[PDB]
Every structure is written in C-alpha cells, then in structure tokens.
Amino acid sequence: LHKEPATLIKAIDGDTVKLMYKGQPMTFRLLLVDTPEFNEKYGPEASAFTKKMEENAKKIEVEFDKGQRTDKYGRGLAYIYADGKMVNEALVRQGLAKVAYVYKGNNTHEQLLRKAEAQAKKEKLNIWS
C-alpha cells in the first residue's frame, strides 16, 4: 500500500470526511472502523476528535487498500493519515471507534487496528467504559 496526497475540504463526523483527492471533492469513509453517529453516545466526541486531527494536520494523506476504492454510496474507502498518524487507528486506540466492516481483500491494517482496540478495551476508554 502507499500514501497519496489530499487536502481537507471539511470535517464531517468520526468516520467520514470531505477531502480533495486528485483535484476532486469526495467524501471518504474510513476503512475498518465504525464511529457512533453524531446523535449517538460518543458521536460528538468522535467527531471532535477527527475534526481536530484533520484540521490541525499539515499534510493529509489517503491510502487505498487492495480492494474496492469506493463504496455503494460513492464514498472513497481509505486509510486516512494526518501528519503520518492514521486517523483510523487513532480513533480505535481512544475507544472512539470499533473495528468493523472488515471485508476480505480490503483488510490490510486489520490486525494493527485490533491491537489498538484491545488496548482501548483494557484501558476501558470511552465506548469501552
């Protein structure tokens, strides 16, 4: 896998974001995670977390996996990096997302993320409290 450029257009919520990629606006859905919707418990904290991480980043990058790059809604499916730190992993590590939607062939970072969730669960953080 490799990282490619993008620039933030607008924060949306925990596991979605509007980015410019190859000069086109697109909504990205983060691979392998599920954040609460804004209206749910920890929804507002998830959105805050990614909003800060995304907006404060100097360099946003996207990393597609080996499988489908867009979902049925036209959302890009990627790992998103803020100044080299994966947002997807950071959310899981903080107990603000669950590992989820693990589909065969788009699951390169599964075990990295599961290791983060186990550590979040141990710390009884957020969702796991």
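Numbering starts at 1 and runs along the sequence shown.
Higher average CA B factor: 34-42, of the stretches 34-42 and 87-95. The PDB entry records a higher mean C-alpha B factor for 51-59 than for its counterpart among 76-84 and 51-59. Ranking 24, 16, 111, 106 by Cα temperature factor from the entry places 106 first. Compared with the other modelled residues of the chain, the Cα B-factor recorded for residue 66 ranks in the highest third.
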